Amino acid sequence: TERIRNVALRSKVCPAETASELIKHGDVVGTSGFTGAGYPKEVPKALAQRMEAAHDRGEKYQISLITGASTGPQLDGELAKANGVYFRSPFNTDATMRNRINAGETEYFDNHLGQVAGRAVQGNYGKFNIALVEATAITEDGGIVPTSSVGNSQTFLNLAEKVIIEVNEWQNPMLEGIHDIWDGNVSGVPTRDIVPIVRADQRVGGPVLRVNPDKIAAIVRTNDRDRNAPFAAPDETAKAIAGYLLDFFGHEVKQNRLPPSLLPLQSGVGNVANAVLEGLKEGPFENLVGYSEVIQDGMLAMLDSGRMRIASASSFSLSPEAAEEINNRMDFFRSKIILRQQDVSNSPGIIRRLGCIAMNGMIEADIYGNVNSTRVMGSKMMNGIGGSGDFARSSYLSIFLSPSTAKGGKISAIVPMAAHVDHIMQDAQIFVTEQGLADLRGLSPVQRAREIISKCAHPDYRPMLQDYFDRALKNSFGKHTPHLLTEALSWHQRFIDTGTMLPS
């Protein structure tokens, strides 16, 4: 069944190699792609090959690459190998690209995900020369049907001088209808429009990205696969964390601080997230609702079981198994899922209005409950802040969850001072590890420290943490947030020097 239903736009079909030639050295390129879903695949590959060849000849050939969020080996991977990206934003998870970033070979800034569209329109990244977007189909009307994510695609389409569409036959035609694209002013020139969303399941727009066809310079027929999440079940540590949170949710409900169906939930990806979602699947809270960035295995299962009514997101992040399931039952799931532009899914105005519960991971937290989401030892990028700040600050409740240790016990997730800060004390109310849960609402910093140390820290590290805090209370410059500046970052340096935070 022909995917390009606009007859005239079929004349714009050309090979991936020829399309890649439209991209010039120095260009700013905006692409689809979010949580490894719906990023362009073939043009980037071709571009990378031509970039390597050019380099060998002595011709500079790099681009600035702005995405929705993370992509995959075909985009981030290949361009990184070719050393073809001089600047990248706002979120990467490709190892090759991560290495370029951490070597200082590619410049990187991890903007709040919900702000990217607005900053792009304001001109922060420069003029967009190209928008390269993956499509499931093109409608008779010239509408562009997105694939497994929406991300920033509508904005990039608006901004770009020229547009390249990759129509990918690998993607399920039945995705058509699942997306909700608003034509209102969310991220454009002030004064912006009021975004009329008052319920997580409320659609406000249409199923297609809009673009002036005069701007489409090439359409490339492709056939390649998105990246998948791993099929891996939560361990005992994740389950313990999930148990503490579920008990908390229960107590809140019983105290009437949460409705029996809780509030719209924002969850992440990974073992902890999956344990929480697995817990909620069999939990006592009915008619749950999701207002998140991503649809993962967990949320799929609850939508399946009926324990969750609807789920809003910008993207998918599914195991091969889960992907097989949804593709077989797309007509069922399409009625349960809304995929939104990321500047809507991640809108602080909407998140606060709906009263979302934010549940996020972290690298580390200090004893006062400042959170590092990004930079190991304060300098080595992991993934990026992503939407954790959009949600943490705007949510009804901001919860951070993590194993109390990393690297086989050689690193403590609770430290005297975070080597880098992404979420300040004000943006984190609840902490959970396999050791217990710390409820920090209404507490001063010294009060926070007492809860975090006593409830959350691993027994191997707790006495060391208490010792730091007790000595700081005694000798710190001020006593409002006591620190010993000579040792605040010493555990981190000790890891660097010896490979462990534990004394020898």
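All residue numbers refer to positions in the sequence shown, first residue = 1.
Entry-level comparison of average CA B-factors, 209-217 and 410-418, reporting the higher stretch: Between 209-217 and 410-418, it is 209-217.
Quick one: say whether 36-44 or 436-444 has the higher mean Cα B-factor in the deposited entry. 36-44 has the higher mean C-alpha B-factor.
With respect to the C-alpha temperature factors reported in the PDB entry, which of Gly283, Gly114, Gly77, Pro190 ranks highest? Among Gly283, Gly114, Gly77, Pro190, the PDB entry lists the largest C-alpha B-factor for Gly283.
Compare the CA B factors listed in the entry for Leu484, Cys14, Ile496, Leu489 and report the winner. Most elevated C-alpha B-factor of the set, per the entry: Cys14.
Would you please rank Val7 by its C-alpha temperature factor against the other modelled residues of its chain and give the third it falls in: lowest, middle or highest? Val7: CA B-factor falls in the highest third of its chain.
How does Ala54 rank on Cα B-factor within its chain, lowest, middle or highest third? For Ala54, the deposited C-alpha B-factor lands in the highest third.
Ranked C-alpha temperature factor of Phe248 among modelled chain residues, by third: Tercile = middle for this residue's CA B-factor.
Name the third of the chain's ranked CA B-factors that contains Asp297, choosing lowest, middle or highest. Tercile = highest for this residue's CA B-factor.
Among the chain's modelled residues, which third holds the C-alpha B-factor of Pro230? Highest third - that is where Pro230 ends up once the chain's C-alpha B-factors are sorted.
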